[PDB]
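Colleague: One rule links them: number in my numbering = place in the sequence shown (from 1) + 642.
By construction, the Cβ of each residue, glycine as well, lies at the ideal position given by its N, Cα and C atoms.
Dropping the structure in here first, questions after.
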Amino acid sequence: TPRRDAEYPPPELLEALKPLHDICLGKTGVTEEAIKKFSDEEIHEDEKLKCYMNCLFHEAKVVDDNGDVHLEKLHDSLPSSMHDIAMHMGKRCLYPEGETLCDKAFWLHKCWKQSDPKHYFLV
Ligand SMILES: [Mg+2]
């Protein structure tokens, strides 16, 4: 079951993600419910959600010159409290597959959620 309490997900990270959520939901058209369901419930297929995921990586400045996720930039952008969790969650998710940047972004989130459903979250 996903860990959801006063300390996790890190409140400061959730707060920082709010304006990125607004920008990305406005650009991609994903619904609030699709995001919450992927975060807390089952992995599901939603093309706008995949693009929302890609958009968050771009808005968080954790992508390379072609828009692909740079995993070191991503790790560095996270609070230290989740560095360990992130490393294990991603150690078998190093090389995304997918045609589009949205497909690859979804590949990452699915791989992370499959690896550690307790700590995975999406906002
Ligand atoms: Mg497609």
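1. Just checking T742 against ligand 1 - is the residue's beta carbon closer than 7 angstroms to any of the ligand's heavy atoms?
2. Classify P651: buried if its beta carbon has 16 or more other beta carbons within 10 angstroms, exposed otherwise.
3. Could you give the C-beta distance for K690 and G671, rounded to a whole number, given that I count them as a contact under 8 angstroms?
4. Could you give the residue range of the alpha helix (DSSP H) that holds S719?
5. Taking the alpha-carbon positions, what's the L764 to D707 distance?
6. Taking the beta carbon of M731 as the centre, do at least 16 other beta carbons fall within 10 Å, making it buried, or is it exposed?
7. Would you call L698 buried or exposed, if buried means 16 or more other Cβ atoms sit within 10 Å of its Cβ?
8. Skipping 5 residues on each side, what residues in its chain have a beta carbon closer than 6 angstroms to that of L743?
Modeller: Taking the coordinates as given:
1. Working through the sequence shown from its first residue, we reach residue 742 at position 100. Within the cutoff, so yes.
2. By 1-based counting over the sequence shown, the position of residue 651 is 9. With 16 or more Cβ atoms within 10 Å of its Cβ, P651 is classed as buried.
3. Here residue 690 refers to the residue found at position 48 of the sequence shown. Here residue 671 refers to the residue found at position 29 of the sequence shown. About 5 angstroms; that satisfies the 8 angstroms criterion.
4. Position 77 of the sequence shown, counting from 1, holds the residue named residue 719. Segment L713 to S719, the alpha helix (DSSP H) holding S719.
5. Indexing the sequence shown from 1 puts residue 764 at position 122. Indexing the sequence shown from 1 puts residue 707 at position 65. Taking the straight line from one Cα to the other gives about 24 angstroms.
6. By one-based count along the sequence shown, residue 731 stands at place 89. Buried, by the Cβ-count rule.
7. As a working note, residue 698 is residue 56 in the sequence shown. It is buried - the Cβ of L698 has at least 16 other Cβ atoms within 10 Å.
8. For the purposes of this step, residue 743 is taken as residue 101 along the sequence shown, with counting starting at 1. So the qualifying residues of the chain are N696 and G709.
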